[PDB]
Q: 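Mind looking over this structure? Questions follow.
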Amino acid sequence: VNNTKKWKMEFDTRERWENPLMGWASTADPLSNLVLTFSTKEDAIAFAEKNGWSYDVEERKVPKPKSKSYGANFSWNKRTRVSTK
Amino acid sequence: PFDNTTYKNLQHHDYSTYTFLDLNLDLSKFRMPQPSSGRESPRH
């Protein structure tokens, strides 16, 4: 989960077409490889507003806390018994 | 009289392949009703 720590700013992907000679992926978008890295969301929004970029923001998705019990795998009367191990 | 020379455990010379399971079938009538988990299996 170490790549999920920082806020990124990317852009909309524009056209990538085929090179007539070699079949390579040609582009005309200069900002197609431009990915920035921010410590917080607010730094990212301030940088986007400072540069006049229209932005939209997804909130951070953290995994919810789970109730892990190794004893639940061997219960007396619950469906959460494992059939094998 | 007291004896210490003869080996008294000679009954296992005449056990067949279903001795244990016939003894379990005989003992099934001497036992208490089993407890229940409330369901038929953990997949129920």
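Within every chain, numbering begins at 1; the chains are lettered A, B, ... in the order of the sequence lines, protein sequences first and strands thereafter. Quick note: numbers below take in every heavy atom, side chains included, and nothing from hydrogens, waters or symmetry partners.
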Q: For residues B:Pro42 and A:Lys78, report the shortest heavy-atom separation together with the two atoms involved.
A: CB-O, 4.0 Å
Q: Just checking A:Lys61: does its NZ atom have more than 12 heavy atoms from other residues, nucleotides or ligands closer to it than 6.0 angstrom?
A: no
Q: Got more than 12 heavy atoms from elsewhere within 6.0 Å of CZ, A:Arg79?
A: no
Q: B:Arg39 versus chain A, heavy atoms under 4.5 Å apart: side chain, backbone, both or neither?
A: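 Only the side chain of B:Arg39 comes within 4.5 Å of chain A.
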Q: Is the count of non-hydrogen atoms from other residues, nucleotides or ligands lying under 6.0 Å from A:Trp53 atom CH2 greater than 12?
A: yes
Q: Select one option (side chain, backbone, both, neither) describing which atoms of B:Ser36 are under 4.5 Å from chain A's heavy atoms.
A: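 The answer is the backbone of B:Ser36.
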Q: According to a hydrophobic-cluster definition based on side-chain heavy atoms being under 4.5 Å apart (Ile, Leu, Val, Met, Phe, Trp, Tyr only), do A:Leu21 and A:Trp24 belong together?
A: yes
